[PDB]
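K.L.:
make a model of this:
(2 chains)
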Amino acid sequence: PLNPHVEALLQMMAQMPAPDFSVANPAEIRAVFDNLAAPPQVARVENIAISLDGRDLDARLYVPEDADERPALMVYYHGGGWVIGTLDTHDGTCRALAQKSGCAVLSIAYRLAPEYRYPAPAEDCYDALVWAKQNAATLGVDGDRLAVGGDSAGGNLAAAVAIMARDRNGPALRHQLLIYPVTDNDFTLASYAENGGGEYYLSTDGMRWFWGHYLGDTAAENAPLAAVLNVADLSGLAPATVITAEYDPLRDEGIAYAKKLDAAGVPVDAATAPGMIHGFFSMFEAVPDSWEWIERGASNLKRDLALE
Amino acid sequence: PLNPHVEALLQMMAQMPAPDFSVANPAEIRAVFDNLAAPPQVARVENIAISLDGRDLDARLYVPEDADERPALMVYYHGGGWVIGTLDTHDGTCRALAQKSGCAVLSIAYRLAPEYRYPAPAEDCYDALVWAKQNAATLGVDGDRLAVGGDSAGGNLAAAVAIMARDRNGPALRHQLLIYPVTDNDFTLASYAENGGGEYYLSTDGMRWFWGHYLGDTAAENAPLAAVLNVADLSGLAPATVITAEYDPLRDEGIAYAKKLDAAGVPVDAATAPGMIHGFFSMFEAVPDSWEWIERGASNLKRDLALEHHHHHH
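P.N.:
Numbering: from 1, shown residues only, chains lettered A, B, ... in the order given. The coordinates are given below.
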C-alpha cells in the first residue's frame, strides 16, 4: 500500500490553496511547480565568509528581486536555542523576509553553545553587525539603513544586539524584528503550562536544556544580555516588531518584553498570531497563513528602513 | 483554534524522533534538527554559466563536505517533463545526492519545451557534459571520473546523454543514475492504468501533455533519444541505477528500460520502491523513508566513481 508518510503529504498538499489558473499552458504549470517545489525566489544569494578577530563566521546575503540599487540591510540571527540551527535551516525564512520587505538580508552563523557559551554567541552577532556596517559598500547595501532580526533564540540575540549597539554607540539601527523571541528564563508562566508540554513542538524541557547549555555555570543574573527582559532600562532602543504565537510557551515573555519596550518609549508593533505555534515563520510552505505575519514584519521593516 | 494546517504539520511531526533532554548530547540533537525540514548541508554551492555554441546555460555546482580534493562529478538534469523545473526546484535533490555520494554535482538548466522542442533539450544536456569534461580544471573536478543522472524527464535526458556519449565517442561515463525515468510514450502499460488517475501526483494526461510539448510535430518513432526504450542496442552504456516507484505511472517503462540495459550486458542496480509515488526523491523532508533510496542511488554513484589507490604512509 501507499507509504503512510506519502499519504499524509498528499493529504496535506490537498488542503492547500488551489493555484486558480484557467488553462494548463507552460507558463501556468511552471508557476504552479515553482510555487510547490522551490524556496521563495530572490535575485541573488551569496555565501560570504566573515573574518573577525579570532574567528571566521559563515554568512549568507539575500538580495530580493525589485530591490534598490543599494538596498537597506537586515542582519538576521537564526533560532535554535543558542545550540542548534544553521544558515540552511533558516534559508527559507530569510528568503521570505527578503522577498516581502524588499530589503537585503544578511544571515549570520554565530558560534553555538555549549562549545561557545554566553557571552560568545551574542558577541559574534554584535561583531557581525559592526562588520556589515563597515563593509556595507562591499556587500552592495546601504549601511545607514540597518536593522537586526531573528527568530526564537535568534530574536533573543537580535534584542541583545540592539541593546549592545545602543550601549556601545554601535551602528545606528532603524528596526529590530523580534520573531517569537526568548526573553527570560521563568518557566512558571501561564504560557509554559498551557503550551510547553511538547504538543506544540517547542517544550518547557527543551527551553531548560537550551538555557542550560547557553549559560553553563553562569547564573542568569550575571548574564544580563541573556534574559533581556530583566534589563532595567530599555529606553532609546531601535523601533521594534514583536510577533508572538498563541500556542508558544514563549508567548508570555515575548508579550512582556514588548510591553516593557513600549513603556520605555520605544515604538513597538506587537501582536500574537492566533492559532500559531513556535516556529511558524519557518513553516510557510505547510502553513500558508504564516505569510500574513511574514508580510506584517516585512512591511514594518520596509517602512522603517526607507530612504530619508 | 489551533490552525488546521499547523495541526496537520504537528501530526506529521508526531511520527519521528522525540528529543531527549535528559541527555546533554548537542551533536546528536543537532544532526537531527538541522536535517529535518531543511535542505542538506554541502560545503560549496556555486552558480555558474556554461557557454555553448549558440546558447548559454545556467548551472549550479554542489561540492559536498567530504569530497576529494579533485572530486568526481555527476552532471545532473532536473525533472519536469521537459517543460518545467529549474535549478531551484531541484536544489534540495542535488544537495541530497551530493551529500550522500561524496561527489560533486553539476545541475544543468537545459532549454525547455515547447519553446525548444526535441532534440534541443537533449543536445543541451549532452553538450553540457562535454563542456564539463573540457572545463574540468575550471570546475575543480576530476574529468576522468564522470557520471550523469536525473529524475523523471531528467532521468530520460540522462539516459539519452549516456547513449549520445557512447555513440559520439564523447566523455567516458562511469555511471548513469536514472531516477523514475521517462522512457517511452506507450500509455497502455499497466502502471498507467493503475497509477495514472491523478491521485498519485503524476497523471497519464500529464504525461501526454509533456510528451506533446517535447515532440511537437515529430513522431515518437523518429525521436529515439526521447523514447529510449526503442533504442535497439544498449550494449556498452554506462553502468546504471534505475530506481522506480510502486505508485508511479512511469513504473513499468522504467522497469522495462532497466531490463533491457541488463540484457545488453550493462551492469544495473534496479529496484521498485514500495509505497512510493513519482517524485519521491524530492520529498525527503516530509518522507524520511525517501532517504533509503537516495542513499542507495548515491552509494552506487560513489562506488563507480571511486578514487584510485593512494598509499597513506608518508
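K.L.:
what parts of the stretch 201-308 of chain A come near chain B?
P.N.:
Within the stretch 201-308 of chain A, the positions adjacent to chain B are A:201, A:203, A:205-206, A:208-209, A:212-213, A:247, A:274-277, A:280, A:282-283, A:286-289 by C-beta under 8 Å from any C-beta of the partner chain. Every residue, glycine included, has its C-beta placed from N, CA and C.
K.L.:
kindly recompute the last result at 10 Å.
P.N.:
A:201, A:203-210, A:212-213, A:245-247, A:273-277, A:279-280, A:282-283, A:285-290 (C-beta under 10 Å from any C-beta of the partner chain).
K.L.:
residues of stretch A:250-267 that come out buried?
P.N.:
A:250-258, A:260-262, A:266 (16 or more other C-beta atoms under 10 Å in any protein chain shown).
K.L.:
tell me where the stretch 1-150 of chain A has strands.
P.N.:
A:44-52, A:55-63, A:73-77, A:104-108, A:146-151 (DSSP state E, counting those that start in this stretch).
K.L.:
pipe those into JSON lines and attach distance to residue A:224 and mean neighbour count per row.
P.N.:
JSON lines is the format used below for these (distance: least, C-beta to C-beta, whole Å; neighbours: other C-beta atoms under 10 Å in any protein chain shown):
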{"stretch": "strand A:44-52", "distance to residue A:224": "23", "mean neighbour count": "14"}
{"stretch": "strand A:55-63", "distance to residue A:224": "23", "mean neighbour count": "18"}
{"stretch": "strand A:73-77", "distance to residue A:224": "18", "mean neighbour count": "30"}
{"stretch": "strand A:104-108", "distance to residue A:224": "21", "mean neighbour count": "29"}
{"stretch": "strand A:146-151", "distance to residue A:224": "18", "mean neighbour count": "30"}
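K.L.:
nearest to residue A:93, of those strands?
P.N.:
Comparison of those against residue A:93 by C-beta to C-beta identifies strand A:146-151 as nearest, at 6.7 Å.
K.L.:
the closest one to strand A:104-108, inter-axis angle?
P.N.:
60 degrees (axes from the mean of the first three to the mean of the last three C-alpha atoms, to 10 degrees).
K.L.:
can you tell me which helices and strands strand A:146-151 packs against?
P.N.:
Applying 3 or more C-beta pairs under 10 Å, 6 or more residues apart in numbering or on different chains; DSSP states H and E, we find strand A:146-151 packed against strand A:73-77, helix A:91-101, strand A:104-108, helix A:120-134, helix A:153-167, strand A:175-179, strand A:240-245, helix A:290-304.
K.L.:
in this structure residue A:280 contacts residue B:2, no?
P.N.:
No. Using C-beta atoms under 10 Å, residue A:280 makes no contact with residue B:2, being 11.3 Å away.
K.L.:
anything in contact with each of the two?
P.N.:
Residues touching both residue A:280 and residue B:2 (C-beta atoms under 10 Å, 6 or more residues apart in numbering or on different chains) are A:246-247.
K.L.:
up against chain B, what does the stretch 51-200 of chain A have?
P.N.:
Checking the stretch 51-200 of chain A against chain B by C-beta under 10 Å from any C-beta, the hits are A:80-81, A:83-92, A:112-115, A:198-200.
K.L.:
Provide a list of residues in contact with residue A:291.
P.N.:
With C-beta under 10 Å, 6+ apart, residue A:291 has these contacts: A:40, A:96, A:100, A:281, A:284, A:298.
K.L.:
dump the residues you listed to JSON lines, plus neighbour count.
P.N.:
Compiled in JSON lines, those are given as follows (neighbours: other C-beta atoms under 10 Å in any protein chain shown):
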{"residue": "A:40", "neighbour count": "22"}
{"residue": "A:96", "neighbour count": "26"}
{"residue": "A:100", "neighbour count": "19"}
{"residue": "A:281", "neighbour count": "28"}
{"residue": "A:284", "neighbour count": "19"}
{"residue": "A:298", "neighbour count": "24"}
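K.L.:
give me the number of residues near residue A:158?
P.N.:
32 (other C-beta atoms under 10 Å in any protein chain shown).
K.L.:
skipping adjacent residues, who's closest to it in space?
P.N.:
Nearest non-adjacent residue to residue A:158, counting by C-beta to C-beta, 6 or more residues apart in numbering or on different chains: residue A:150, 3.8 Å away.
K.L.:
now do residue A:17
P.N.:
residue A:288 (5.7 Å).
K.L.:
tell me the phi and psi of the closest residue to chain B within the stretch 151-300 of chain A?
P.N.:
Using C-beta to the nearest C-beta, the single residue of the stretch 151-300 of chain A nearest to chain B is residue A:275, 3.6 Å away. When quoted as degrees, to the nearest 10, the phi and psi of residue A:275 stand at phi 80, psi 0.
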